[PDB]
$ cat model-v5.csv   # CSV, N, CA and C atoms and all ligand atoms
chain,number,residue,atom,x,y,z
A,1,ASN,N,135.3,116.7,159.9
A,1,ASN,CA,135.6,117.5,161.2
A,1,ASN,C,136.8,116.8,161.9
A,2,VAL,N,137.1,115.5,161.7
A,2,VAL,CA,138.1,114.9,162.4
A,2,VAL,C,139.5,115.3,162.0
A,3,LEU,N,139.6,115.8,160.8
A,3,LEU,CA,141.0,116.1,160.2
A,3,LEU,C,141.5,117.4,160.9
A,4,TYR,N,140.7,118.4,161.1
A,4,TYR,CA,141.2,119.7,161.6
A,4,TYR,C,141.5,119.6,163.1
A,5,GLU,N,141.0,118.6,163.8
A,5,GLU,CA,141.3,118.4,165.2
A,5,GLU,C,142.5,117.6,165.5
A,6,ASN,N,143.1,117.0,164.4
A,6,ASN,CA,144.2,116.1,164.5
A,6,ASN,C,145.2,116.4,163.4
A,7,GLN,N,145.3,117.6,162.9
A,7,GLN,CA,146.2,118.0,161.8
A,7,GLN,C,147.6,117.7,162.1
A,8,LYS,N,148.1,118.1,163.2
A,8,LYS,CA,149.5,118.0,163.6
A,8,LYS,C,149.9,116.5,163.7
A,9,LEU,N,149.0,115.7,164.3
A,9,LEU,CA,149.3,114.2,164.4
A,9,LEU,C,149.3,113.6,163.0
A,10,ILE,N,148.4,114.0,162.1
A,10,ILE,CA,148.4,113.4,160.8
A,10,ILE,C,149.6,113.8,160.0
A,11,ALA,N,150.0,115.1,160.1
A,11,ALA,CA,151.3,115.5,159.5
A,11,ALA,C,152.5,114.8,160.0
A,12,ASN,N,152.6,114.6,161.3
A,12,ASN,CA,153.7,113.9,161.9
A,12,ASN,C,153.7,112.5,161.5
A,13,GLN,N,152.6,111.8,161.4
A,13,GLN,CA,152.5,110.4,161.0
A,13,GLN,C,152.8,110.3,159.5
A,14,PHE,N,152.4,111.3,158.7
A,14,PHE,CA,152.8,111.3,157.3
A,14,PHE,C,154.3,111.4,157.1
A,15,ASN,N,154.9,112.3,157.8
A,15,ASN,CA,156.4,112.5,157.8
A,15,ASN,C,157.1,111.2,158.2
A,16,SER,N,156.6,110.6,159.3
A,16,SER,CA,157.2,109.4,159.8
A,16,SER,C,157.1,108.2,158.8
A,17,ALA,N,155.9,108.1,158.2
A,17,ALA,CA,155.7,107.1,157.1
A,17,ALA,C,156.7,107.3,155.9
A,18,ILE,N,156.8,108.6,155.6
A,18,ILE,CA,157.7,108.9,154.4
A,18,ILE,C,159.2,108.6,154.8
A,19,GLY,N,159.6,108.9,156.0
A,19,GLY,CA,160.9,108.5,156.4
A,19,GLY,C,161.1,107.0,156.5
A,20,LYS,N,160.1,106.3,157.1
A,20,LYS,CA,160.2,104.8,157.2
A,20,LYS,C,160.3,104.2,155.8
A,21,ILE,N,159.5,104.6,154.9
A,21,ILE,CA,159.5,104.0,153.5
A,21,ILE,C,160.8,104.4,152.8
A,22,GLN,N,161.3,105.6,153.0
A,22,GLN,CA,162.6,105.9,152.4
A,22,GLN,C,163.7,105.1,153.0
A,23,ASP,N,163.7,104.7,154.3
A,23,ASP,CA,164.7,103.8,154.8
A,23,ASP,C,164.4,102.4,154.3
A,24,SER,N,163.2,102.0,154.2
A,24,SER,CA,162.9,100.6,153.8
A,24,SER,C,163.1,100.3,152.3
A,25,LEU,N,163.1,101.4,151.5
A,25,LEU,CA,163.4,101.2,150.1
A,25,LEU,C,164.8,100.9,149.8
A,26,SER,N,165.7,101.3,150.7
A,26,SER,CA,167.1,101.1,150.6
A,26,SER,C,167.6,99.9,151.5
A,27,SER,N,166.9,99.7,152.6
A,27,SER,CA,167.3,98.6,153.5
A,27,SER,C,167.1,97.2,152.8
A,28,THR,N,165.9,97.0,152.2
A,28,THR,CA,165.6,95.7,151.6
A,28,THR,C,166.2,95.6,150.2
A,29,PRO,N,167.1,94.7,150.0
A,29,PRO,CA,167.7,94.5,148.6
A,29,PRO,C,166.8,93.8,147.6
A,30,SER,N,165.7,93.1,148.1
A,30,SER,CA,164.9,92.3,147.3
A,30,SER,C,163.6,93.0,146.9
A,31,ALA,N,163.5,94.3,147.2
A,31,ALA,CA,162.3,95.1,146.9
A,31,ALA,C,162.2,95.6,145.5
A,32,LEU,N,163.2,95.3,144.6
A,32,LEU,CA,163.2,95.8,143.3
A,32,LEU,C,163.3,94.6,142.3
A,33,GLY,N,162.4,93.6,142.6
A,33,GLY,CA,162.5,92.3,141.9
A,33,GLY,C,162.1,92.4,140.4
A,34,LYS,N,161.0,93.1,140.1
A,34,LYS,CA,160.4,93.1,138.8
A,34,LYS,C,161.3,93.7,137.7
A,35,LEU,N,161.8,94.9,138.0
A,35,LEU,CA,162.7,95.6,137.0
A,35,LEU,C,164.0,94.9,136.8
A,36,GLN,N,164.6,94.4,137.9
A,36,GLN,CA,165.8,93.6,137.8
A,36,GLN,C,165.6,92.3,137.0
A,37,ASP,N,164.5,91.7,137.3
A,37,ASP,CA,164.1,90.4,136.6
A,37,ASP,C,163.9,90.7,135.1
A,38,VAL,N,163.2,91.7,134.7
A,38,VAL,CA,162.9,91.9,133.3
A,38,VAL,C,164.2,92.4,132.6
A,39,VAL,N,165.0,93.2,133.2
A,39,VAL,CA,166.3,93.6,132.5
A,39,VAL,C,167.2,92.4,132.5
A,40,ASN,N,167.2,91.5,133.4
A,40,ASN,CA,168.0,90.3,133.4
A,40,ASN,C,167.5,89.3,132.3
A,41,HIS,N,166.2,89.3,132.1
A,41,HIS,CA,165.6,88.5,131.0
A,41,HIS,C,166.0,89.0,129.7
A,42,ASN,N,166.0,90.4,129.5
A,42,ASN,CA,166.4,91.0,128.3
A,42,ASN,C,167.8,90.7,128.0
A,43,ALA,N,168.7,90.9,129.0
A,43,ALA,CA,170.1,90.7,128.8
A,43,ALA,C,170.4,89.2,128.5
A,44,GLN,N,169.7,88.3,129.1
A,44,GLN,CA,169.9,86.8,128.8
A,44,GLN,C,169.5,86.5,127.5
A,45,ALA,N,168.3,87.0,127.0
A,45,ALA,CA,167.8,86.8,125.7
A,45,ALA,C,168.7,87.4,124.6
A,46,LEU,N,169.4,88.5,124.9
A,46,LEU,CA,170.3,89.1,124.0
A,46,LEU,C,171.6,88.3,124.0
A,47,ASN,N,172.0,87.7,125.1
A,47,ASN,CA,173.3,87.0,125.2
A,47,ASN,C,173.2,85.6,124.6
A,48,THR,N,172.0,84.9,124.7
A,48,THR,CA,171.9,83.6,124.2
A,48,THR,C,171.9,83.6,122.7
A,49,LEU,N,171.5,84.6,122.0
A,49,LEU,CA,171.5,84.7,120.6
A,49,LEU,C,173.0,84.7,120.1
A,50,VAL,N,173.8,85.5,120.7
A,50,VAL,CA,175.2,85.6,120.4
A,50,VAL,C,175.9,84.2,120.7
B,1,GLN,N,199.4,81.9,126.3
B,1,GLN,CA,198.2,82.3,125.8
B,1,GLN,C,198.4,82.8,124.3
B,2,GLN,N,197.5,82.4,123.4
B,2,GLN,CA,197.5,82.8,122.0
B,2,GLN,C,196.6,84.0,121.8
B,3,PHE,N,195.3,83.8,122.1
B,3,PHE,CA,194.3,84.9,121.8
B,3,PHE,C,193.3,84.8,122.9
B,4,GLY,N,192.6,85.9,123.1
B,4,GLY,CA,191.6,86.1,124.2
B,4,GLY,C,190.2,85.9,123.7
B,5,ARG,N,189.3,86.0,124.6
B,5,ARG,CA,187.8,85.9,124.4
B,5,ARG,C,187.1,86.7,125.4
B,6,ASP,N,185.8,86.8,125.3
B,6,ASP,CA,184.9,87.6,126.2
B,6,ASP,C,183.7,86.8,126.6
B,7,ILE,N,182.7,87.4,127.2
B,7,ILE,CA,181.5,86.8,127.6
B,7,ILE,C,180.7,86.3,126.4
B,8,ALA,N,180.7,87.0,125.3
B,8,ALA,CA,179.9,86.7,124.1
B,8,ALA,C,180.5,85.7,123.2
B,9,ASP,N,181.6,85.1,123.6
B,9,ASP,CA,182.3,84.0,122.8
B,9,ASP,C,182.8,84.6,121.5
B,10,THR,N,183.4,85.7,121.5
B,10,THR,CA,183.9,86.4,120.3
B,10,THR,C,185.4,86.7,120.5
B,11,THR,N,186.1,86.8,119.4
B,11,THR,CA,187.5,87.2,119.5
B,11,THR,C,187.7,88.7,119.9
B,12,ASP,N,188.5,88.9,120.9
B,12,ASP,CA,188.7,90.3,121.3
B,12,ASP,C,190.1,90.8,121.3
B,13,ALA,N,191.1,89.9,121.7
B,13,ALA,CA,192.5,90.2,121.7
B,13,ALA,C,193.3,89.1,121.0
B,14,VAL,N,194.1,89.6,120.0
B,14,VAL,CA,194.9,88.6,119.2
B,14,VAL,C,196.4,89.0,119.4
B,15,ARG,N,197.2,88.0,119.7
B,15,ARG,CA,198.7,88.2,119.8
B,15,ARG,C,199.3,87.7,118.5
B,16,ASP,N,200.0,88.6,117.8
B,16,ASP,CA,200.8,88.2,116.7
B,16,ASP,C,202.0,87.4,117.1
B,17,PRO,N,202.4,86.4,116.3
B,17,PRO,CA,203.7,85.7,116.7
B,17,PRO,C,204.9,86.4,116.4
B,18,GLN,N,204.9,87.5,115.6
B,18,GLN,CA,206.1,88.2,115.3
B,18,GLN,C,206.6,89.1,116.4
B,19,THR,N,205.7,89.7,117.1
B,19,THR,CA,206.1,90.7,118.2
B,19,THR,C,205.3,90.3,119.4
B,20,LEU,N,205.9,90.4,120.6
B,20,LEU,CA,205.2,90.0,121.8
B,20,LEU,C,204.1,90.9,122.3
B,21,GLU,N,204.0,92.1,121.7
B,21,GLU,CA,202.8,92.9,122.1
B,21,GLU,C,201.5,92.4,121.5
B,22,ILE,N,200.5,92.6,122.3
B,22,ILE,CA,199.2,92.1,121.9
B,22,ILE,C,198.3,93.2,121.3
B,23,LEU,N,197.4,92.7,120.4
B,23,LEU,CA,196.5,93.6,119.6
B,23,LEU,C,195.0,93.3,119.9
B,24,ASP,N,194.3,94.3,120.3
B,24,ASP,CA,192.8,94.2,120.4
B,24,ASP,C,192.1,94.1,119.1
B,25,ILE,N,190.9,93.5,119.1
B,25,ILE,CA,190.1,93.4,117.9
B,25,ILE,C,188.7,94.0,118.3
B,26,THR,N,188.4,95.1,117.5
B,26,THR,CA,187.1,95.7,117.6
B,26,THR,C,186.5,95.8,116.2
B,27,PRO,N,185.3,95.3,115.9
B,27,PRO,CA,184.8,95.3,114.5
B,27,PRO,C,184.6,96.7,114.0
B,28,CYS,N,184.3,96.8,112.7
B,28,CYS,CA,184.0,98.0,112.0
B,28,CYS,C,182.7,98.6,112.5
B,29,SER,N,182.6,100.0,112.3
B,29,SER,CA,181.5,100.7,112.8
B,29,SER,C,180.3,100.3,112.0
B,30,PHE,N,179.4,99.6,112.6
B,30,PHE,CA,178.1,99.1,112.0
B,30,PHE,C,176.9,99.7,112.7
B,31,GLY,N,175.9,99.9,112.0
B,31,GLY,CA,174.6,100.4,112.5
B,31,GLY,C,173.6,100.6,111.5
B,32,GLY,N,172.4,100.7,111.9
B,32,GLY,CA,171.3,100.9,110.9
B,32,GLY,C,171.2,102.3,110.4
B,33,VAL,N,170.6,102.5,109.3
B,33,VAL,CA,170.4,103.8,108.6
B,33,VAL,C,168.9,104.0,108.5
B,34,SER,N,168.5,105.2,108.9
B,34,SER,CA,167.1,105.6,108.9
B,34,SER,C,166.9,106.9,108.2
B,35,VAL,N,165.7,107.1,107.6
B,35,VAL,CA,165.4,108.2,106.8
B,35,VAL,C,164.4,109.1,107.6
B,36,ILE,N,164.5,110.4,107.6
B,36,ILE,CA,163.6,111.3,108.2
B,36,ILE,C,163.1,112.2,107.1
B,37,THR,N,161.8,112.0,106.7
B,37,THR,CA,161.2,112.7,105.6
B,37,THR,C,159.8,113.2,105.9
B,38,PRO,N,159.3,114.3,105.4
B,38,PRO,CA,157.9,114.6,105.4
B,38,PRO,C,157.1,113.9,104.3
B,39,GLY,N,155.8,114.2,104.2
B,39,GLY,CA,155.0,113.6,103.1
B,39,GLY,C,155.5,114.0,101.8
B,40,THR,N,155.4,113.1,100.8
B,40,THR,CA,155.8,113.4,99.4
B,40,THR,C,154.9,114.5,98.8
B,41,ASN,N,153.7,114.6,99.2
B,41,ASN,CA,152.8,115.7,98.7
B,41,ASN,C,153.2,117.0,99.2
B,42,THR,N,154.0,117.1,100.3
B,42,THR,CA,154.3,118.4,100.9
B,42,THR,C,155.7,118.9,100.4
B,43,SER,N,156.7,118.0,100.6
B,43,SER,CA,158.1,118.4,100.3
B,43,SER,C,158.8,117.2,99.6
B,44,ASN,N,160.1,117.4,99.3
B,44,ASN,CA,160.8,116.4,98.6
B,44,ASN,C,162.2,116.1,99.3
B,45,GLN,N,162.6,117.0,100.1
B,45,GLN,CA,163.9,116.8,100.8
B,45,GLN,C,163.8,115.7,101.9
B,46,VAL,N,165.0,115.1,102.2
B,46,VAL,CA,165.0,114.0,103.1
B,46,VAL,C,166.2,114.2,104.1
B,47,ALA,N,166.2,113.5,105.2
B,47,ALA,CA,167.3,113.6,106.2
B,47,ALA,C,167.8,112.2,106.5
B,48,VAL,N,169.1,112.0,106.6
B,48,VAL,CA,169.7,110.7,106.8
B,48,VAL,C,170.1,110.6,108.2
B,49,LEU,N,169.6,109.5,108.9
B,49,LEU,CA,169.9,109.2,110.3
B,49,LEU,C,170.7,107.9,110.4
B,50,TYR,N,171.8,108.0,111.1
B,50,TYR,CA,172.6,106.8,111.4
B,50,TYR,C,172.3,106.4,112.9
A,101,LIG,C1,210.6,85.2,112.3
A,101,LIG,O1,209.8,86.1,113.1
A,101,LIG,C2,210.4,87.3,113.4
A,101,LIG,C3,209.5,88.1,114.3
A,101,LIG,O2,210.0,89.4,114.5
A,101,LIG,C4,210.7,88.1,112.1
A,101,LIG,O3,211.3,89.3,112.3
A,101,LIG,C5,211.5,87.2,111.2
A,101,LIG,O4,211.7,87.9,109.9
A,101,LIG,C6,210.9,85.9,110.9
A,101,LIG,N1,211.7,85.1,110.1
A,101,LIG,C7,211.2,84.1,109.4
A,101,LIG,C8,211.9,82.8,109.4
A,101,LIG,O5,210.1,84.2,108.7
$ encode --input "model-v5.csv" --output "structure tokens" --more "lines below"
Ligand SMILES: *[C@@H]1O[C@H](CO)[C@@H](O)[C@H](O)[C@H]1NC(C)=O
Amino acid sequence: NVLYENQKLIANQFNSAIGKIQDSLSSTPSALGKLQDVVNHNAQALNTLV
Amino acid sequence: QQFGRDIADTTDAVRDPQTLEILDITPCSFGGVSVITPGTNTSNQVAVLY
């Protein structure tokens, strides 16, 4: 019963959270550590053989 | 400068002593060869994949 009495507030908060996370995924440059680390490990392991 | 090099410590550009223009070095087209076939009990034809 609490959802239908605050549907507009929940929708606005969801849109605000989506916008904030879209801004934060590009603002922070260290938020993509794992994929960059594993591709750098693959590149280094390929380069050290040569 | 006599000849060049790259990141992978391989010869890339070679300058001949006869003429001042420089020549790049790129190795021959190498790659694995793969076979695409169905079961031998079904058919006999094969496909060659490079
Ligand atoms: C010397 O090098 C030049 C480069 O163009 C060539 O034309 C000439 O025939 C060469 N002569 C000798 C001494 O081999």
$ residues_near_ligand --input "model-v5.csv" --ligand "ligand LIG 101 (chain A)" --cutoff "6.5 Å" --atoms "all atoms listed in the file" --output "PyMOL selection string"
chain B and resi 17-19
$ interface_residues --input "model-v5.csv" --of "chain B" --to "chain A" --cutoff "8 Å" --atoms "all atoms listed in the file" --output "mmCIF file with N, CA and C atoms, in the frame of the given file"
data_model
loop_
_atom_site.group_PDB
_atom_site.id
_atom_site.type_symbol
_atom_site.label_atom_id
_atom_site.label_comp_id
_atom_site.auth_asym_id
_atom_site.auth_seq_id
_atom_site.Cartn_x
_atom_site.Cartn_y
_atom_site.Cartn_z
ATOM 1 N N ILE B 7 182.700 87.400 127.200
ATOM 2 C CA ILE B 7 181.500 86.800 127.600
ATOM 3 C C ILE B 7 180.700 86.300 126.400
ATOM 4 N N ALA B 8 180.700 87.000 125.300
ATOM 5 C CA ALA B 8 179.900 86.700 124.100
ATOM 6 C C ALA B 8 180.500 85.700 123.200
ATOM 7 N N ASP B 9 181.600 85.100 123.600
ATOM 8 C CA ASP B 9 182.300 84.000 122.800
ATOM 9 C C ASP B 9 182.800 84.600 121.500
ATOM 10 N N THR B 10 183.400 85.700 121.500
ATOM 11 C CA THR B 10 183.900 86.400 120.300
ATOM 12 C C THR B 10 185.400 86.700 120.500
#
$ atom_distance --input "model-v5.csv" --atom1 "atom CA of residue 38 of chain A" --atom2 "atom C of residue 6 of chain B"
22.4 Å
$ select_by_dssp --input "model-v5.csv" --residues "chain A" --states "helix (DSSP H, G or I)" --output "PyMOL selection string"
chain A and resi 7-27+33-49
$ atom_distance --input "model-v5.csv" --atom1 "atom C of residue 33 of chain B" --atom2 "atom C of residue 45 of chain B"
14.4 Å
$ atom_distance --input "model-v5.csv" --atom1 "atom CA of residue 13 of chain B" --atom2 "atom CA of residue 28 of chain B"
15.1 Å
$ residues_around --input "model-v5.csv" --residues "residue 50 of chain B" --least-positions-apart "5" --cutoff "7 Å" --atoms "all atoms listed in the file" --output "number ranges by chain"
B: 31-34
$ closest_residue --input "model-v5.csv" --among "B:23, B:35, B:14, B:46" --to "residue 1 of chain B" --atoms "only C-alpha atoms"
B:14
$ build_atoms --input "model-v5.csv" --residues "segment 25-40 of chain B" --atoms "N, CA, C and O atoms" --output "PDB file, in the frame of the given file"
ATOM      1  N   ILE B  25     190.900  93.500 119.100  1.00  0.00           N
ATOM      2  CA  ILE B  25     190.100  93.400 117.900  1.00  0.00           C
ATOM      3  C   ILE B  25     188.700  94.000 118.300  1.00  0.00           C
ATOM      4  O   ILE B  25     188.046  93.584 119.177  1.00  0.00           O
ATOM      5  N   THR B  26     188.400  95.100 117.500  1.00  0.00           N
ATOM      6  CA  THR B  26     187.100  95.700 117.600  1.00  0.00           C
ATOM      7  C   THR B  26     186.500  95.800 116.200  1.00  0.00           C
ATOM      8  O   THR B  26     187.231  96.393 115.320  1.00  0.00           O
ATOM      9  N   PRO B  27     185.300  95.300 115.900  1.00  0.00           N
ATOM     10  CA  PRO B  27     184.800  95.300 114.500  1.00  0.00           C
ATOM     11  C   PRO B  27     184.600  96.700 114.000  1.00  0.00           C
ATOM     12  O   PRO B  27     184.620  97.725 114.685  1.00  0.00           O
ATOM     13  N   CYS B  28     184.300  96.800 112.700  1.00  0.00           N
ATOM     14  CA  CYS B  28     184.000  98.000 112.000  1.00  0.00           C
ATOM     15  C   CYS B  28     182.700  98.600 112.500  1.00  0.00           C
ATOM     16  O   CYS B  28     181.864  97.986 113.037  1.00  0.00           O
ATOM     17  N   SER B  29     182.600 100.000 112.300  1.00  0.00           N
ATOM     18  CA  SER B  29     181.500 100.700 112.800  1.00  0.00           C
ATOM     19  C   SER B  29     180.300 100.300 112.000  1.00  0.00           C
ATOM     20  O   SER B  29     180.099 100.733 110.832  1.00  0.00           O
ATOM     21  N   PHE B  30     179.400  99.600 112.600  1.00  0.00           N
ATOM     22  CA  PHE B  30     178.100  99.100 112.000  1.00  0.00           C
ATOM     23  C   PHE B  30     176.900  99.700 112.700  1.00  0.00           C
ATOM     24  O   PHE B  30     176.977  99.919 113.934  1.00  0.00           O
ATOM     25  N   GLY B  31     175.900  99.900 112.000  1.00  0.00           N
ATOM     26  CA  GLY B  31     174.600 100.400 112.500  1.00  0.00           C
ATOM     27  C   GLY B  31     173.600 100.600 111.500  1.00  0.00           C
ATOM     28  O   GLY B  31     173.950 100.752 110.276  1.00  0.00           O
ATOM     29  N   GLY B  32     172.400 100.700 111.900  1.00  0.00           N
ATOM     30  CA  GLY B  32     171.300 100.900 110.900  1.00  0.00           C
ATOM     31  C   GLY B  32     171.200 102.300 110.400  1.00  0.00           C
ATOM     32  O   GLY B  32     171.746 103.238 111.047  1.00  0.00           O
ATOM     33  N   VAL B  33     170.600 102.500 109.300  1.00  0.00           N
ATOM     34  CA  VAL B  33     170.400 103.800 108.600  1.00  0.00           C
ATOM     35  C   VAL B  33     168.900 104.000 108.500  1.00  0.00           C
ATOM     36  O   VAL B  33     168.184 103.136 108.091  1.00  0.00           O
ATOM     37  N   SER B  34     168.500 105.200 108.900  1.00  0.00           N
ATOM     38  CA  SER B  34     167.100 105.600 108.900  1.00  0.00           C
ATOM     39  C   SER B  34     166.900 106.900 108.200  1.00  0.00           C
ATOM     40  O   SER B  34     167.828 107.707 108.095  1.00  0.00           O
ATOM     41  N   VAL B  35     165.700 107.100 107.600  1.00  0.00           N
ATOM     42  CA  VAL B  35     165.400 108.200 106.800  1.00  0.00           C
ATOM     43  C   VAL B  35     164.400 109.100 107.600  1.00  0.00           C
ATOM     44  O   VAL B  35     163.440 108.513 108.239  1.00  0.00           O
ATOM     45  N   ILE B  36     164.500 110.400 107.600  1.00  0.00           N
ATOM     46  CA  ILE B  36     163.600 111.300 108.200  1.00  0.00           C
ATOM     47  C   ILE B  36     163.100 112.200 107.100  1.00  0.00           C
ATOM     48  O   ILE B  36     163.788 113.046 106.538  1.00  0.00           O
ATOM     49  N   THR B  37     161.800 112.000 106.700  1.00  0.00           N
ATOM     50  CA  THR B  37     161.200 112.700 105.600  1.00  0.00           C
ATOM     51  C   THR B  37     159.800 113.200 105.900  1.00  0.00           C
ATOM     52  O   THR B  37     159.123 112.536 106.785  1.00  0.00           O
ATOM     53  N   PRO B  38     159.300 114.300 105.400  1.00  0.00           N
ATOM     54  CA  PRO B  38     157.900 114.600 105.400  1.00  0.00           C
ATOM     55  C   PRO B  38     157.100 113.900 104.300  1.00  0.00           C
ATOM     56  O   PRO B  38     157.669 113.001 103.657  1.00  0.00           O
ATOM     57  N   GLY B  39     155.800 114.200 104.200  1.00  0.00           N
ATOM     58  CA  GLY B  39     155.000 113.600 103.100  1.00  0.00           C
ATOM     59  C   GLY B  39     155.500 114.000 101.800  1.00  0.00           C
ATOM     60  O   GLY B  39     155.982 115.174 101.583  1.00  0.00           O
ATOM     61  N   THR B  40     155.400 113.100 100.800  1.00  0.00           N
ATOM     62  CA  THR B  40     155.800 113.400  99.400  1.00  0.00           C
ATOM     63  C   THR B  40     154.900 114.500  98.800  1.00  0.00           C
ATOM     64  O   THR B  40     155.397 115.164  97.854  1.00  0.00           O
TER      65      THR B  40
END
